[PDB]
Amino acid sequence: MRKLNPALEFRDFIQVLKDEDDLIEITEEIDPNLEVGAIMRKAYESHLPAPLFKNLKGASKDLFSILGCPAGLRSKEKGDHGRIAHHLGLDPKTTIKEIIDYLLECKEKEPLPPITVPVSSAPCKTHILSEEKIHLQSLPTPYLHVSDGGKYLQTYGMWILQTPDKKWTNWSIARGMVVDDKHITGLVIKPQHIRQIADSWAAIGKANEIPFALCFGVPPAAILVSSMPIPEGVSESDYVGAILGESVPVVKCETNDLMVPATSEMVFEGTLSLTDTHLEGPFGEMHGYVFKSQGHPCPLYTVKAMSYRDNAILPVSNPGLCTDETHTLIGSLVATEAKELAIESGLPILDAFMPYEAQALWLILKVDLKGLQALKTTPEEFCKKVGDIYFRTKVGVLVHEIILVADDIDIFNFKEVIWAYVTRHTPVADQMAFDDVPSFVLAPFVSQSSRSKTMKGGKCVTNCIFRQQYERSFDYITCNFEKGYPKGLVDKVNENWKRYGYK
């Protein structure tokens, strides 16, 4: 009967999903080999309750259950974005626009650094394993997609890296697969800011012994912020503190000086090496494919210690076709920072969104026509201005098409977006290519093309604003039921619908 705080406590997050009939406790035996992933895919794709696998083949009492689909969508009556809202402590019926706007509001709140709590107050310290007890291959790690390169333990946990300084601490979410009984490999240090952390340990001669922690079931607000392209120099932990209104509670690792969320379900500790590598991938990814390929070497992470809760739970994300966490979190958090960038640059943008149906490749910008008309500009000048602002930033990396639409389009409703897309831009003539900007390595039309090795271009800005809308008012009828007819007539028809004979 406690007051639940789902942004702060992963177990409160599970409880609120229980209370909202949005979680199935599966007690049948489920195989981590493919069965988990297929069940989650069925659930994602019909917007069904999240599965909690309590009986995985090969699990011990404490290691582990699996919570699938932590930010999948659900039925509209419950609040279809409820799982995302719960990562922020918001009402389950909060809209995605309200979620984005709240994240922007939190950039103005007091940032709060983490607070250390007594280890006796830290559930993640209930059980502690030393090196000789580390046995990664005995864990019920899921094999999520056919042809995945291995079992991906890390799809919804948080990597922690820090300079020897302690001046810079990074929380991130790169995928990670199990290599053998003692090692993991993943793309944690691909982004340049995280590689610099790694380099700072090499400068002291620890290039093969960079400490890391990997934490599962962290405060949901922390996993969300770890998935955000927040500006450089902003501390992730302190922004999480701002979202929660309180500091993240942390404790020190057993084997290094890193601090981990005290309520983590499980914490893996060790060191990564810049010299020792192993082939990584492939992995079924956010654009809906597992592509077969030679595979690429990635740094090796050696696990040297572990700590975990009783009856620990591994949160799992199984990416693919819409809609999963790579769309509801990665795409919508890019949209959040795209709205921020618009506000800071003075562009006349009301909202931004990355439609799930476009696999987080399309960024829709809803343009305030009053503001646009005051610029007294041309589509070509505006498309250049917009593309130049976005495609040279961390925010624009994953985005391959920016779509400009007038303020009469609900950009959160793909029915309105696809209509505006097909009817308001001339193919090719209304698209401006950006040939020189960094391409997104994962986009399938990039990775399956010669552009995978030049890594430049293949982006555009698409103008779906009518020419007249750059200049003055343009009054047209939208020919559907709700927008096409007098509101009182719509009322009368809705009120008499059953009297007519309809269900």
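Position 1 is the first residue in the sequence shown; the rest follow in order.
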item: Higher-scoring stretch by recorded Cα B factor average, 226-234 or 283-291; value: 226-234
item: Comparing 119-127 with 164-172, the one whose average Cα B-factor in the PDB entry is higher; value: 164-172
item: Maximum C-alpha temperature factor, selected from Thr27, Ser449, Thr478, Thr454; value: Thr27
item: Candidate set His81, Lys415, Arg195, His145 [ranked by C-alpha B-factor, highest]; value: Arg195
item: Position of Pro444 among the chain's modelled residues by C-alpha B-factor, lowest, middle or highest third; value: lowest
item: Third of the chain's Cα B-factor distribution that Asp368 belongs to, per the entry; value: middle
item: Assigned third (lowest, middle, highest) for the C-alpha B factor of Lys487; value: lowest
item: Among modelled residues of the same chain, the CA temperature factor third for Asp310; value: highest
item: CA B-factor ranking of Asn463, expressed as a third of its chain; value: lowest
